[PDB]
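Single chain ahead, by itself, as C-alpha cells, in the form deposited in one PDB entry.
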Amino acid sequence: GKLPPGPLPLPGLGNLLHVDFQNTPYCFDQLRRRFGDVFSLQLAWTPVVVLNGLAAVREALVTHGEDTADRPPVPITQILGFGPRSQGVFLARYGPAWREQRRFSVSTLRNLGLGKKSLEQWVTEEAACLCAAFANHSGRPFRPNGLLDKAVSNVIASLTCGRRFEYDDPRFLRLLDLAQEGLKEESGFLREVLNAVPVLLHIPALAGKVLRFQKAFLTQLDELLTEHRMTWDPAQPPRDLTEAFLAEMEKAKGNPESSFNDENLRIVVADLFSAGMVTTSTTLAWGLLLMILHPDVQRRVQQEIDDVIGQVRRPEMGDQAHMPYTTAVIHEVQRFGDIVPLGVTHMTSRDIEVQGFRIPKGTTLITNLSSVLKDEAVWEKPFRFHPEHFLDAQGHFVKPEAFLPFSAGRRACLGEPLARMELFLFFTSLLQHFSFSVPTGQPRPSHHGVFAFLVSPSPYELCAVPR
C-alpha cells in the first residue's frame, strides 16, 4: 500500500529540521492538520509514523495489537545491565522476558489490591502524611510539587519495598533528585548517536555520561533493595512486590530462561518508580493548579466530599462510586493536563495497515495521545478545563472512548489501577482538608503546560488554608 504522507525529508537531516522538540505536541498538531491523522517523519536514523485520533491509535494498538506491542531497540540500556532475560518491563522488547514481567506486575498489583487491601491502606496513610505536611506551611504560599513527588514516591516505595520514607530522609531525597535528573537522559542528541552507533560506547567518556543519573539512581536503589533483602521473611506470604519477585527468584534458581534474576529485579523496581512517580505527581500538580484557577469547581468538589464523606472520616475507594462530580473533575484534570502527550513509542514487528496506509515492519510508532484527549470532534471544548466533558445533563459520570491517557493495547499502562487509586484518594483527601487559592499579589498562573517530553504545569505557588 501507500506510505503515510508527510513533510519532504531533507537530504541528511531528514525531517529533523521539520520538528520542534521544544513544543513537539504543537508541531505535530500542525503536521496533522496538514497531512492527516497518519503521517511520516524521518527523525535522524529512525523512520517514524505518527498516529493521531482515536481511530488510528486503536487500529494500530488494538486491531493490530500483536504486531505493534514491541519497543524500539535501545542499545545504551546495556549500561544498566539489560540482557535478553532482564529487560524490566517498560522498555522490554515484546517477547517472553516482557510478558513474564508484565503478567507478574499486573497480578501482583491486583493481589495487593485484594484481601487486606494493602495498596489502599498505604495510599490512605500517605494522603494523611501529605495533608499534615501541607498544614505545616501554616497558610504560607508554596510550590506543592516537591511534596506531591514525595507522597507519590512513597506509594511506589510501599508497593515495591513495603515501607515509606520520612519527607526529610536523606536517601529518599537523593533518590527523588536522581529520578528527576534521570528523566532528562531520555532526551538529548548524545543518546541518539550512541543508540545509532553502539560501538561509540567503547569510549568511557561517552558510556559513562549518557546515563550517569540513571545509573546512580539504580545504585541508590540497590542499597535499598539490599536492606530489604535482609528484612524479608520468606516464611510469611509476600508483603510487597519485591518479596514476591524474590520468592519467584528462589523458585527459578537453575532456570536460565527465567526473567526473575538479580539483574532484572533492580530494573523492574526502577521502572515502576520511573513510570509511576513523575506521571502521578505531575497529574496531581495539574489538579491543584486547576483547582485554584477554577475556585467554583473546587467548591463543588468540596461540597460533594462533605455530602458523601464528611470532614472527619478519611476518603475510601468505596466513596468513588458515589462521587460522580469528583470523578469527572479528576478525569478532566488528566484530559486537560495531558501529561504524556506522545505516550511511549512502539515498534511494528510486521507490516501493517492503518487508515489504509502501509506501515513497514520495524517502524517506530508514536501515539499522539494528546490528539485523542484534545480531539475537537469528540470533546465539547477540548481546550478548556471543563468537568462536564465527563458528566451528562443528569450529572451522571460518563467516560468517552477518547479518554486514553494510559494508551491502549497490550502495552497500555499497567499502573492504571493504582494511578486511579492515588489520584482519587490524594485529590479528595487534599480538597477535603484545604481550600486552595492563588496567592494575592501574584499573577494568575498560566494554564499552558511546559513541554519537556512530559507536560508539566507552569511553575506556581498556592496557599492551603484548613477548612
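In this text, rigid core is short for the largest set of C-alphas that superpose within 1.5 Å between two forms. Residue indices: 1-based, along the sequence shown.
The next section is about a form of this same protein that is not shown, the form deposited in another entry.
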Inset, instruction - Please find the residue from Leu175, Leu211, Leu119, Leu288 showing a Cα shift of 2 angstroms or more between the shown form and the other one, rigid core superposed. - result: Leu119
Inset, instruction - With both forms fitted on the core, give yes or no for whether the Cα of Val199 moves by 2 angstroms or more between the shown form and the other one. - result: yes
Inset, instruction - Kindly check if the Cα atom of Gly188 is displaced 2 angstroms or more between the shown form and the other one relative to the superposed rigid core. - result: yes
Legend entry - Closer or farther in the other entry, the Cα atoms of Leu114 and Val268, when the shift from this form is 3 Å or more: closer
Inset, instruction - Note whether the distance between the C-alpha atoms of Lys117 and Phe260 decreases (closer) or increases (farther) in the other entry, against the displayed form; the change is 3 Å or more. - result: farther
